[PDB]
Amino acid sequence: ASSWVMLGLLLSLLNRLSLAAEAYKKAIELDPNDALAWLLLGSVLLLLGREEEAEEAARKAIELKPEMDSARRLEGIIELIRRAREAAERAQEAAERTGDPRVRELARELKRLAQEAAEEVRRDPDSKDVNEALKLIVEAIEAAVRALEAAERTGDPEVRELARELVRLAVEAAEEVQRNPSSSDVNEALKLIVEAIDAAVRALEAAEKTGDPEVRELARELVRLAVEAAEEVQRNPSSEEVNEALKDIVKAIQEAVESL
Amino acid sequence: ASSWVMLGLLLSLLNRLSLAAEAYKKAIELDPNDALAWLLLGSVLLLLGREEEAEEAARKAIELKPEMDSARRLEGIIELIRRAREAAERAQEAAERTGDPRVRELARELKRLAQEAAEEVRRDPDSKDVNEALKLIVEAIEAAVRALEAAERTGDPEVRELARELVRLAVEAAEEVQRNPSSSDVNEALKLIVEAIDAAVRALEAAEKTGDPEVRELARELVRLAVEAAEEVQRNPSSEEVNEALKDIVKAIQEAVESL
Amino acid sequence: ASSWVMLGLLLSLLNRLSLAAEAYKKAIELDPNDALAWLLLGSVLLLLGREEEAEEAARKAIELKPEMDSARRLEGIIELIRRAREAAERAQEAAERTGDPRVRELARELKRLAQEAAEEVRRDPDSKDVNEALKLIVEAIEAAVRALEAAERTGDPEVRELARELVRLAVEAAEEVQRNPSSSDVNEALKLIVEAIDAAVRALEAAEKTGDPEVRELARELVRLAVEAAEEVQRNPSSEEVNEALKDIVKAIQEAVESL
Amino acid sequence: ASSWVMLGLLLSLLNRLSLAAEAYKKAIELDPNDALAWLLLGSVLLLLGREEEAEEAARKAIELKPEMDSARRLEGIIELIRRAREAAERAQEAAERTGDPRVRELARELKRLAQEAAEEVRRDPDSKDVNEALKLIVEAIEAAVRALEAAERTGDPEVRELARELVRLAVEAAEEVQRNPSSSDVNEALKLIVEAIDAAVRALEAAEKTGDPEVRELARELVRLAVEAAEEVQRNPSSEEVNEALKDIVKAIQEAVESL
């Protein structure tokens, strides 16, 4: 039973993922009561591109042994990869609807970075470091597609350029955290940045819902100081001063949006 | 049965390819009905230099189980390696017949690059990336030896220098795609470049068959603009503008050669 | 019995430490008389962060087979890691009591370097090279916390700055030996440097116990020439001249402290 | 039987060489008729420093199966390592007898490079590349100790400086081939260089045996042009021109020494 599991692990060490998955399937055929076999089969199938078979293997492993958190780990990993691909295609659709080559190439680079981080987490599934890194990355691309849909609903060139700057800083911070996964400083920087983007999109949505020139100019002012401070903290992540500055800024945006 | 297969895999992980192949042979001796055993034995024997034994193992694996595409994969890999060695010796023979030290050292560097890519695909057989990369490389060296035979059949110094420039850009693009295998931009660049070289050799062959000064000068003009645009796209691969430019150029060469 | 040991080793090769530890536990469940199983389980559990389970596994392996020195090796490794964490928290407490941001960030960087060396020795336990490297590092942080407690007991700004310089050169030499573990030159440099720091802390403690202005100025003079020569030998480790110079200096400090 | 062999291989993959050797010994205890077990045990024991146990394991593997050339391979590897250590201690003794710090540090660097190449071939035993590389290196250190003994027998400062230059270029070429093992150009360069050193030591020995001022000046002239051309070919290894130049020079030295 476990002999073919060892064989599949060995084949996976030699980068022969396909033969590894075949040996895992054969081991499961010998004894389908092996949760580790289904677990490894899903893990290796994730690397091939057959996300559906990997999800089925994860479901089988979870149903066979619920206490196995590692099975739940790659289950959430597959969910996150599907979520990231959905956000990527949504960003592509929004960029195509806008027609701007700038936002189109930015969405393309964002998709490329998401795929790179997905390949990284596929190579190292158990590492909570890159797990949470890609979690921040996927909320980043989600905030990005929310900003894109808000910009499309608005239609003004000013807020269009504002959303362009926001998604630019977003993908820049995402590239930073992808290059440096195990650095808590850029981790906190990314968390603060995505919180700032969430506050910014909420504020601009509320301003567009109101529809007054004064509140629109106020919204442009807060998002402009927000992109300023976000670029500042992205260039200087290890500064608790600028961290508290962004925290104060997002607190002020929240106070303003709940006041209006 | 599978115990010695595991032993051979382990030995192959330790870079002990010879003992790995011996353990694979012993595993096949224990049970010759193991397609995976023959498959791994051929894969590891490819790395030793015994292409004949690897081809025999591939044939045995295919005849035992035809559905195994990975066996067909290294079968085509061995075919491609033999094809590349044949093109390499043909290029060496043509360069020696021409006597030019320039074309001789270019053929030598081309053989070196082909051997490097062959070693790479031997180390990573299952990767369709480097598989198709070496496929483009082998059609590149085939177009190169076709250009060499055409230049030898012509004998003019002008077309000799033209073929020199073509094989120079060919080996440069081949080195580029060998250094960067997983980049679709240089993949498309190499495909476009080899299409351009095919059109160029066809056009110059037709011009030499005609044998008129005006059509010869026209051929020299198209191949000169072709090497210009090929160097341009090789220096700027990520430019869809120059990609479409080369596409238009090869379309014009095809139209001209079918018109004459 | 050994099948699950092989399975755990294979899983550990794939960076699946958790499943590796689970397979090791299952192998021990199959036969608890396997000293190698307990040994590997402790080794892999050290990497997870469960130092207690790793220490228990080391104790089990030692009690099952005392002749196994490798078990004693990671036993001492766990003891050293606990010792280093204790020295790290003591340095943090001393830096917080002093309130100086300089000494606080120095203690933070020292903790970071200690954790990095601990992760390195966890990845490569059997290497006596990094073993003894982290041994010198832990006596370095111990001399550092001794200097911190001496500076806190003194309270003078002069000796405070002196201790700051000593811990600065200490953490610099520790970073050097962590970056270059397999270099006997920096090994001897670190040994000489920690001997110099031990002599310096002993001398300054004796001077503070005496409490005379002349012996205090003499102590400041010896520690100043000591930090001078220590920086010199840290910048030029491969100089037997400066090595003998530091040896003469520490001999003079010992003679003076035993004379007073 | 083979289960413990797999266990030892796995442990060796994790850099646990000691436990790997222990598992190999246990596998041999289970069945001493395993030539592969003795082979792997010797291979791994070579890495520990117990050259005697590795040599005994090699002898056992050869006596059990003579057809195993890989056993003969690490047998010759151990012989070469012992030969290199003997040449290293002979060079150290000669440098100490001469008392020159220059030749002493050169012999020290030569010993360091020999040990580095020995560790490399221990890590990769089956690679004929580094095998033959260290073969050229060991004939290089042998020619070096021959030059040292010749310089000691002569005693003149001129020939002392000449031998210093020869051993300098020798260790430089040896460092080059150690840094670049898989480069046939530096392989041929090293072969030509060691042939030149052999001719030079033979010529200077014959000149010292004759003992005439004119033949001594002639010998100094040939060794000076030899070190000139050797430095030239070491700086430009890929030049067949300088290769043929050194070949002509060594041919002239041979003609002269057989004429006198």
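Order as written gives the chain letters A, B, C and D; numbering starts at 1 within each chain.
The definition used in the following text is that contacts are C-beta pairs under 8 Å (C-beta built on N, C-alpha and C of every residue); 3 or more make two chains touch, one makes a residue touch a chain.
Express in whole angstrom the distance between the two chain centres, defined as the mean CA positions of chain B and chain D.
39
Roughly how far is chain B from chain C, going centre to centre by Cα mean, in whole Å?
Each chain reduced to its C-alpha mean, chain B and chain C end up 55 Å apart.
So which stretches of chain C touch two or more other chains?
Residues 3, 6, 10, 13.
Touch graph across the chains, line, ring, star, complete or other?
It is a ring, because the chains touch in a row that closes back on itself.
Give every touching pair of chains, nothing left out.
Here the touching pairs of chains are A-B, A-C, B-D, C-D.
So in the complex, which bits of chain B are touching chain A?
Going by the criterion above, the answer is residues 2-3, 5-6, 9-10, 12-13, 36, 39, 70, 124-127.
So in the complex, the part of chain C that touches chain A is made up of which residues?
3-4, 6-7, 10-11, 13-19, 23
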